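In the block that follows, a single chain appears as structure tokens, in the form deposited in one PDB entry.
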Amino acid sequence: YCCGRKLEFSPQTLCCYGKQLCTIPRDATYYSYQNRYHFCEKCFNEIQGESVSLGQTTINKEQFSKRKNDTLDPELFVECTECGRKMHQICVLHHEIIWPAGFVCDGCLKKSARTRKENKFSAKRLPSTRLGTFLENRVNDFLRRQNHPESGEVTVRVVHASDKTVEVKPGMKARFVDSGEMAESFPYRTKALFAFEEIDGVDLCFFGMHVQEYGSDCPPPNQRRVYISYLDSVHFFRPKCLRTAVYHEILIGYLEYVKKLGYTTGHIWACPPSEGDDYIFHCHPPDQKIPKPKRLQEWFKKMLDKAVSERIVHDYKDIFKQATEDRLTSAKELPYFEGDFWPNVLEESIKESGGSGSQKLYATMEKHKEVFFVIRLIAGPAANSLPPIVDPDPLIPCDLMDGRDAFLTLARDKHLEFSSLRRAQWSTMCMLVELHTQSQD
């Protein structure tokens, strides 16, 4: 073995198909059918009756297998076509698409005064966008101002852009849409972008983001607004003392960019993911922790405070303070975003109140105010006569990056973990190959 190390992949986590938001971690005992339908021990024995409705097909309980989530797949080896040396594929970062001729180890290459032919599936060679260019220029300019000897070049790429609509859910639809008081759906553009850092001639994907952008063609209350769907990171940015600043630089640059195009407001739901290691990146490092709510909120406040002092953000408020200043009276006046908290809670509010869309609206907003940031980018009379929003970047069809589920599934299916620096670099290389090959079609 190249290193002296016996290496295997970790058991990926599963789901109690009974209770939503239940998960089955490493070493837990569970019940599975056809390697598809998984139940944890508690959620399985808590089923009354040996009939288990699947799909919908009813399936007997003895047709399930009792097992524990402790399977460890060994890492794969590659063989040098010249010496026969066996090395972990991840250790030497050999990808058969990038180097189809075969794996030649570094030792045989140095003996023959040879080097690997260029990796043309790099982050740098992903197609550029005006947004990506703006973001990476900001980050790299910040990084060279810091003069830290360890920092590498950062490239930012938009890897998906497509048109979508968010549909008002049945409760709010019956209250406000069927009476003609509110649009049935809101058109928006979703964008997925990632940041990579060159670490010793090797790309590392360390940051990912998906956003929802509602243009000047959107009906109120959503028009000229951007909303962050989700954020994620792999904490191996070099150097560590600049990691937080770089995240902040990307986010501030994004607000600066959409402000320039004419978007008036930004929206952030400070919402930690559920415990586990899969959000956008599969299998986070074991010592990278999900922040607790208060610390995440302070993190966003720090970022926005820097944006205010840079004269990019005019000001920001919690949703409760914001609605008070806007003199809001009805739930139909709240921006309605895909997958956001407020569409969900408004469904429950209308149900519990027997059909009201304003009853406890202010109480619910105050109860949760610290979690919802409303960021004003264009204020005062400047926001009044704005020209239409024209995005200079084209659409980018890429099914793998339409939402976060597809890339997570591809990572799970192909053992692309981001749990260590070496595995994250390998997963980055594979992810780039996928993005380069799906595009050339």
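Think of the rigid core as the biggest set of C-alphas that the two forms share within 1.5 Å after superposition. Start at 1 with the first residue shown and count on from there.
Would you say residue 60 is missing from a third or more of the other compared entries?
-> Negative; every one of those entries includes residue 60.
Report, from the record, the number of residues in the deposited sequence between residue 388 and residue 389 that have no coordinates, as none, 1 to 3, 4 to 9, or 10 or more.
-> The entry has no gap there; residue 388 and residue 389 are joined directly.
Could you settle it for me: does 7 to 15 or 418 to 426 have the higher average Cα B factor in the PDB entry?
-> If you average the C-alpha B-factors of 7 to 15 and of 418 to 426, the larger mean comes out for 7 to 15.
Looking only at CA atoms, which has the higher mean B factor in the entry: 272 to 280 or 127 to 135?
-> For C-alpha atoms only, the mean B-factor is higher in 272 to 280.
Quick one: which of 178, 315, 118, 150 shows the highest Cα temperature factor in the PDB entry?
-> Of 178, 315, 118, 150, 118 has the highest C-alpha B-factor.
Taking the Cα B-factors listed in the entry, which of 369, 289, 311, 114 comes out highest?
-> That would be 114.
Sort the modelled residues of this chain by their C-alpha B factor and say whether residue 219 lands in the lowest, middle or highest third.
-> CA B-factor rank for residue 219: lowest third.
When the modelled residues of the chain are sorted by Cα temperature factor, does residue 100 land in the lowest, middle or highest third?
-> Top third by C-alpha B-factor.
Split the chain's modelled residues into thirds by Cα B-factor; is residue 243 in the lowest, middle or highest one?
-> It belongs to the middle third of the chain when residues are ordered by C-alpha B-factor.
How does residue 193 rank on Cα B-factor within its chain, lowest, middle or highest third?
-> Lowest third - that is where residue 193 ends up once the chain's C-alpha B-factors are sorted.
Taking the values exactly as deposited, rank residue 403 by C-alpha B-factor within its chain and report the matching third: lowest, middle or highest.
-> Residue 403: CA B-factor falls in the lowest third of its chain.
FYI, the form deposited in another entry isn't displayed, but the following is about it.
Rigid core fitted, then: does residue 45 show a CA shift of 2 angstroms or greater between this form and the one not shown?
-> Yes, residue 45 moves 2 Å or more.
C-alpha of residue 422: shift of 2 angstroms or more between this form and the one not shown, rigid core aligned?
-> No: residue 422 shifts by under 2 Å between this form and the one not shown.
Core fit, then residue 22 C-alpha moves 2 Å or more between this form and the one not shown = Yes.
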